[PDB]
Amino acid sequence: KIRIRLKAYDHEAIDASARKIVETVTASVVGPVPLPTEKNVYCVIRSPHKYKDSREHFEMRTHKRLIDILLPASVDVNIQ
Amino acid sequence: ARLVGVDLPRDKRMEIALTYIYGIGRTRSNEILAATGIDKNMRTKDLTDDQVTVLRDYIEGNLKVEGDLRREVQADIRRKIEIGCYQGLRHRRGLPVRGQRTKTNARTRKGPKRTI
Amino acid sequence: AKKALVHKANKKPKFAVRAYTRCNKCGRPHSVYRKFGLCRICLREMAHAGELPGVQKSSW
Amino acid sequence: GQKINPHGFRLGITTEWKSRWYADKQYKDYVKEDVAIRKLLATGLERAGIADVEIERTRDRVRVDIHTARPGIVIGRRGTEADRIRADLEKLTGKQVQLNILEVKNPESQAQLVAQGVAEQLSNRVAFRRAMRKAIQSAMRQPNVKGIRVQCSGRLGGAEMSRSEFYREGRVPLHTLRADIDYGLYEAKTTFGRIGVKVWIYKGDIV
Amino acid sequence: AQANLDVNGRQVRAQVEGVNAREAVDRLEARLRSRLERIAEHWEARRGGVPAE
Amino acid sequence: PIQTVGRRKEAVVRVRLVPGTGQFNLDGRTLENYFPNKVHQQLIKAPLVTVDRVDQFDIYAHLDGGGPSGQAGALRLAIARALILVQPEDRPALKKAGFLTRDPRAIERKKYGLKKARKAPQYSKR
Amino acid sequence: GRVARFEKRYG
Amino acid sequence: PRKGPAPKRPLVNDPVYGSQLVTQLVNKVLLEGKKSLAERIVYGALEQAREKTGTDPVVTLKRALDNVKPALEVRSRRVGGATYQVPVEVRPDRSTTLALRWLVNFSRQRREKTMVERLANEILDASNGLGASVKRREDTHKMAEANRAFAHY
Amino acid sequence: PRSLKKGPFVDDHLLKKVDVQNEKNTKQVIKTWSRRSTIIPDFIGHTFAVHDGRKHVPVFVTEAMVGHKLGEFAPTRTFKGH
RNA sequence: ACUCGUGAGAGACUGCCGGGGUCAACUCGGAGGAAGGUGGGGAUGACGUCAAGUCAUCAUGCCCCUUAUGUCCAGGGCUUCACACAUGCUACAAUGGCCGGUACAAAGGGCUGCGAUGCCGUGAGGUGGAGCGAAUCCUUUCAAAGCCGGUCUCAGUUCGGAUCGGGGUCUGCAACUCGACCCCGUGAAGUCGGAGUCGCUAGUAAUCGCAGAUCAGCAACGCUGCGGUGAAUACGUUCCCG
């Protein structure tokens, strides 16, 4: 059995990828098993000069889906 | 008891009483007490004269304390001063010698605050 | 920053202790992010413009 | 600073990202070549109003989709402009890069294009008030456009004192998340300096 | 010219403009004097506002 | 069998109840080796006390997250849920006791510009 | 002697 | 509190004595959130008092509270643009809070080498009417009496 | 201080300078810019013109000052008092 | 099966009851419910004000330099100190110090990086490389406060750690000016701090630890997050500020 790992920055894209992946492989599938979302957080200062007390927060969220059996540029595929 | 010319405190645990020696802290006291064998939890008023002798000979053998250590430190500082190194003139004018900031702090080397 | 320093940043020397980040688009030496290679101001502006695929505002 | 950029406020709800690719080790160089492509396409084409630039990357292959109101100007009848953009896009270490030149359906409901036109008129000799009036009245004719605000700041009319002016028509609720606000900012180059133009346009709301 | 004083916890600040240092300092002194006069809060300055009759 | 869960500010307790004697098995440790505090034991046994049903149920528990206080609170909530599952009709006595309500008192998120969630940097007007 | 300290330190 | 009074926290009864007052006391002596240490201190003090006197902790604790509980206090009130020290009647909750706070604070300044021993000695003296908290209550009642003339507003 | 494994750090320039200086047993004034170079027992007789920031200060090495660096004996900042 | 992970959905809408209310807004109480009245916290900052800050993120009108105010390099400086102000950390100790045992988190990071077992050092650390692009491996299985036991006995102390002497490790071409850490010794002021002044209404203040960015190394006690234990008080707008 080979692992199909989908990582995507967009949620709906990852559901779409998992869904047509299972559709085309249906082979016995385990289903799009979700994996914990990975969050990267950064805090920056709004003003170019001074004004440190004013901060803005950004994040990048990575959704992970797992396919165990027996594409849009947003989502990757790792086959192992 | 009189140990190397130092009067030990009246009632102290042995290693911490030995800490009162100028050349001994706590780690030194603990390791020397382990080496010679006398108990560490036993008080100063329970010392036998043979115990005083064994600590005396051990300390005089493999340790340097009190006047010799003081004069060696003083000589080292003076020699560091007289060679003209950075730490030399740092010692001469009573300023911190390990790169500490002096804009605001360093009252320890400057002494008590003076006003002008 | 100055053009000369920006160009000098790209040279590979025999000694790597000197390499500075110097964010790519404007050469700002301070506050450079390794993941994007951009300074805080440029990172914020491009994130707001949506040019970074995944970065967005925070709320929690 | 008072109002944040509307596109970034609704980036995760209404609007979509202008670059679409995934990268973990190669995020930095992808960003580098992305901004290089953007600046190259901005400097190369200025006659036809460039509405938008998307970049998609899958391994070697890059798809750059560029929107303009005059596709014929930026494209070659024999492919001369296409050949030029292709050659200058290979040189950006884009490996195999292919371009999709596209045309906007309505070139007056686009905030960026409206700001483009307002700046172009304001640059040479046109009084600013005429520019905002014409832009606003032309925007209202479009069916889906339901609100518009146009604001310019700087040394308007070559004066010694900076000023800010703004004209609104309809509804522009910048605080409402579901309502989409097309936002366009552009700097007009006058002999007395730089004049900033911002345009917000409201065309219904999405849920 | 800007001046800030901490009169027993009360912050009194003033700011003036002038063509030179001397004029600015003099105007700042006058402004600070007026502010301190309005700040007094001692009895002589708070006796006409206390309810009477 | 019957199984329930209790949650208290990042502490999770999975509880299994049987009609055995009053023996507590918290991840293989008793009510003494685990939770060595009388107040925590009161907090645990309060639903049993108000329901009169002490020393007639053997409890097994899986604990994860939080500290002793949060774990004790989650365990009490889980015990209350197990009791209401076993016997419904005593819901008033438990509900008026408040043991059936989850406590949404979580750690408030830290904010930028402040040392803590609400503590502000010292400001000198001079 | 300092020189001896150099020799023992580095050699 | 500009828009009205705030709700009160219903603190729970104690496990080993079953009274509200001891829980209030442990909350008063609490420091840095070390509730276990505060409970240990209070329980040890109660046991020490029990061993010394031979009776139940709670009754002598209540006697000490009633001995150090105030009924009249003095507050600075501004009427007609002028401030006076007006004697004011104390609500029962405030009296209990003040008595417990005085007990804890004065026991913290004793010289009995340990918090448990200091607290036990202070509570015993307050029960017998010799504690410094009793003196503080006497002084505050005296100050309330001395300014009775300002009681009309 | 520098680790013992790496050995003392002496710059090559003044190194070859002092080997060519001591090969004929004559000690002329050697002018150098490398303050970071330590002092080797091969410098015992030589006198260095160590850079300061404005000029070069002459420093005559002795047996006592071995193991230090040249920059110790070229004070940079000049402070006389207020 | 129970958690958990992440998709969809339900669930709070004064929905219902009683009473005030112009039978109006709205308000008080009650039932139900996990949650009751914008549930808790965020993102979001109207017209404008202060010619607020930024020609040193960037761009830019005008003026100026142009064998230099451009550009390359070595060394030094930004770290200087008779003082003043501000923000923090550690303390002045027994609600504690030291030693031994022992139980519970969340979040985050990792490829020329995380780096384990083992071995060598007292200890920084050295050798070595298992496994990991990671719900898997490593950050130890993760913590400290906490609980149990022993000791110290109110002292400038077994408190406090500054300063200084000596000896080392790591990074870096290079730790003198000017890194951090480790070991031995040294053991200052400091006895809860005048006038005055600051923060905080509940998982809050207080206190304890963990992680990340920047980063070869660090001046980090700073900043941004995460959780552990967790209080007191609010009678009421007369006075102070907005």
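Figured I'd write up the structure that's included with this text.

The rules behind these values
- All residue numbers refer to a per-chain count from 1 along the written sequence rather than necessarily to the numbering of the entry. Residues that lack coordinates are not shown.
- Here the convention is simple: chains get letters from A, ligands get numbers from 1, in the order in which they are written.
- Any value quoted here refers to the chains shown, not to the larger assembly they are part of.
- By convention in this description, side-chain values take in all heavy atoms of the structure and omit both hydrogens and water.
- The helix count covers DSSP runs of H or I at least four residues long, the strand count covers runs of E at least two residues long, and both are numbered beginning at the N terminus.
- C-alpha atoms define the radius of gyration in this analysis, and the globule rule sets the expected value at 2.2 Å times the number of residues to the power 0.38.
- Per-residue accessibility, obtained with a 1.4 Å probe over protein chains only, is compared with the maximum for each type, and a residue is labelled buried under 20%, exposed over 50%, and partly exposed between these values.
- Any two residues whose heavy atoms approach within 4.5 Å at even a single point are treated as in contact.
- The method behind every accessible area is Shrake-Rupley, applied with a 1.4 Å probe, and residues are considered shielded solely by the protein chains displayed.
- By the counting rule applied here, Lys and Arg register as positive and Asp and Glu as negative, while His and the ends of each chain are not counted.
- Taken as the charge centre is NZ of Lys, CZ of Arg, CG of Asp or CD of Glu, depending on the residue.
- Consider each residue's heavy atoms; a residue with any of them within 4 Å of a molecule or strand counts as near.
- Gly counts as polar in this scheme, as do all residues outside two lists: the nonpolar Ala, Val, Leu, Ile, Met, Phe, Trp, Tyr, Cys and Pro, and the charged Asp, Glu, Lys and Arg.
- When two components associate, each loses some accessible surface as probed by a 1.4 Å sphere; the sum of these losses over both components is called the buried area.
- Salt bridges are identified by distance alone: a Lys or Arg side-chain nitrogen within 4 Å of an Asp or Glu carboxyl oxygen.
- In the analysis that follows, any N or O atom pair within 3.5 Å is treated as a polar contact, provided that within protein one partner can donate a hydrogen and the other can accept it, and provided that, for residues neighboring in sequence, both atoms belong to side chains.
- Only strands joined by at least two bridges in the DSSP assignment are considered to pair.
- Only protein atoms enter the calculation, which uses a 1 Å grid: trapped sets of points that fit a 1.4 Å probe without letting it out are cavities, open sets showing protein on both sides within 12 Å along at least five of seven lines are pockets, and any residue with an atom within 4 Å of a point is a lining residue.
- Grid points are joined across faces, edges and corners, and a volume is the space filled by probe spheres set on the points.
- Between N-to-C directions, angles cover 0 to 180 degrees, with each direction set by a line fitted to C-alpha atoms, over the stretch in contact for helices.
- Note that the term roughly parallel is reserved for angles under 35 degrees, roughly antiparallel for angles over 145, roughly perpendicular for angles of 65 to 115, and oblique for everything else.
- Take the far helix as your reference; a near helix turned counterclockwise from it by less than a right angle gives a left-handed crossing, and one turned clockwise gives a right-handed crossing.

For the rest of this paragraph, the subject is the overall build of chain C. If you tally the helices and strands in chain C, you get two helices and one strand. Taken from the N to the C terminus, the helices and strands of chain C come in the order α-α-β. Over its C-alpha atoms chain C spans a radius of gyration of 14 Å, topping by over 25% the 10 Å that the globule rule assigns to 60 residues. Once the C-alpha set of chain C is aligned to its principal axes, its extents read approximately 45 × 20 × 15 Å. Classification of the 60 residues of chain C by burial places 35% in the buried group. A separation of at least 24 residues holds for 5% of the contacts in chain C among residues at least 6 apart in sequence. When the accessible area of chain C is evaluated, it comes to approximately 4,000 Å², of which 55% is carbon and sulfur surface.

What follows deals with the overall build of chain A. For chain A, the count of helices and strands is one helix and four strands. Reading chain A from its N terminus to its C terminus gives the helix and strand order β-α-β-β-β. Scaling as 2.2 N^0.38, a compact globule of 80 residues should have a C-alpha radius of gyration of about 12 Å, whereas chain A reaches 18 Å, well beyond that. When its C-alpha atoms are laid out on the principal axes, chain A stretches across 60 × 20 × 15 Å. Counting every position in chain A, which comprises 80 residues, the buried fraction comes to 39%. For chain A, the accessible surface area stands at approximately 4,800 Å², while carbon and sulfur atoms represent 54% of it. If the 14 positive side-chain charges of chain A are averaged to one point and the 10 negative ones to another, these points end up 5 Å apart.

In the vicinity of RNA strand J, 186 residues are found, and the nearest of them are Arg5(A), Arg55(A), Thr102(B), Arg2(I) and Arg77(I). Counting only the atoms of RNA strand J within 4 Å of the protein, the fraction contributed by sugar and phosphate is 74%. No other element matches the eight residues that strand β2 (residues 33–45) of chain A contributes to the surface near RNA strand J. Its residues assigned to classes, the surface near RNA strand J shows 56 nonpolar, 47 polar and 83 charged.

This next bit is on the interface of chain C and chain D. Each partner contributes to the interface: chain C provides 18 residues, whereas chain D provides 19 residues. Both sides of the chain C and chain D interface together cover about 1,500 Å² of buried area, and 60% of this is carbon and sulfur. Contact with chain D buries area across many residues of chain C, yet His48(C), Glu51(C) and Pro53(C) alone supply 35% of it, more than any other trio. In this structure, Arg38(D) and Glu51(C) form a salt bridge, with 3.0 Å as the shortest nitrogen-oxygen distance. The tally of links from chain C across to chain D stands at five residue pairs in polar contact. Listing elements by their share of the side of chain C that touches chain D, those giving two or more residues are α2 (40–49) and β1 (55–57) of chain C.

This brings us to the pattern of salt bridges. Side chains that carry opposite charge are capable of pairing whenever their charged atoms lie near each other. In this structure the tally under the stated criterion is 39 salt bridges over all chains. We note a salt bridge from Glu29(E) to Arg33(E), for which the minimum N-O separation is 3.4 Å. Within this pair, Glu29(E) and its partner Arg33(E) are both found in helix α1 (residues 21–39), separated by four residues, close to a single helical turn. Note on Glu29(E): relative accessible area 44%, which makes it partly exposed. On the basis of relative accessibility, which here comes to 52%, the residue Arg33(E) falls in the exposed class. Several salt bridges converge on common partners, so that one network encompasses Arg46(A), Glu56(A), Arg44(C) and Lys57(C).

With respect to the helices, strands and loops of the structure, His40(F) is situated in helix α1 (residues 38–51). With a relative accessible area of 14%, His40(F) lands in the buried category.

Consecutive residues of a regular strand have side chains that alternate between opposite faces of the sheet. Residue and element names in this part refer to chain H. Looking at chain direction, strand β1 (residues 72–78) and strand β2 (residues 83–89) are connected through seven bridges and run antiparallel. Paired with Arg75 across the bridge in β2 is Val86. Hairpin remark: β1 followed by β2, antiparallel, with four residues in the connecting loop; positive phi at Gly80, about 65 degrees.

Listed as interface residues are 13 residues of chain I and, on the opposing side, seven residues of chain G. If you look at where chain I meets chain G, you find zero salt bridges. Applying the counting rule to chain I against chain G returns five residue pairs in polar contact.

Before going further, it helps to examine empty space enclosed by the protein. Of the voids in this model, the largest cavity is the one considered here, and its volume is about 50 Å³. Lining the largest cavity we find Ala1(B), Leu3(B), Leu8(B), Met14(B), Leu18(B), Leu47(B), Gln51(B), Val52(B) and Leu55(B). Elements supplying a minimum of two residues to the lining of the largest cavity: α1 (14–18) and α3 (49–62) of chain B. Looking at the lining of the largest cavity element by element, the count peaks at three residues for α3(B). Class assignment of the residues belonging to the lining of the largest cavity gives a composition of eight nonpolar, one polar and no charged. The volume enclosed by the second largest cavity comes to roughly 40 Å³. Lining the second largest cavity, in full, are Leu45(D), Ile66(D), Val74(D), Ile85(D), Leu99(D) and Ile101(D). For the lining of the second largest cavity, the class distribution of residues is six nonpolar, no polar and no charged.

Turning our eyes to something else, we now look at the packing of helix α4 (residues 92–108) of chain H against helix α6 (residues 132–146) of chain H. All names here are of chain H. Running from N to C, α4 and α6 cross one another at 130 degrees; their axes reach a closest spacing of 9 Å. When the axis of α4 is compared with that of α6, the two are oblique. Between α4 and α6 the crossing geometry is right-handed. Listed contacts from α6 to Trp102, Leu103 and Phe106 of α4 are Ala132, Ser133, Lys135, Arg136, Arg137 and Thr140.

All names here are of chain D. An order of β6-β5-β8-β7 is seen for the four strands of this open sheet, with the pairing classed as antiparallel. Pairing within the sheet leaves two strands with one partner each, and these edge strands are β6 (163–170) and β7 (179–190). Direction aside, the axes of adjacent strands within the sheet are offset by 10 degrees on average. By the bridge criterion, eight bridges tie strand β5 (residues 147–154) to β6 in an arrangement that is antiparallel. Its bridge partner lying in β6, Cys152 is registered against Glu165. Contacting β7 and β8 (193–205), helix α5 (residues 111–124) crosses the sheet at an angle of about 25 degrees to β7.

A few words now on unusual backbone geometry. Positive phi outside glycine occurs at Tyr51(A), with the angle close to 50 degrees. Even without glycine at this site, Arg22(C) takes up a positive phi of about 55 degrees. Within the secondary structure layout, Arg22(C) lies in the loop between α1 (3–9) and α2.

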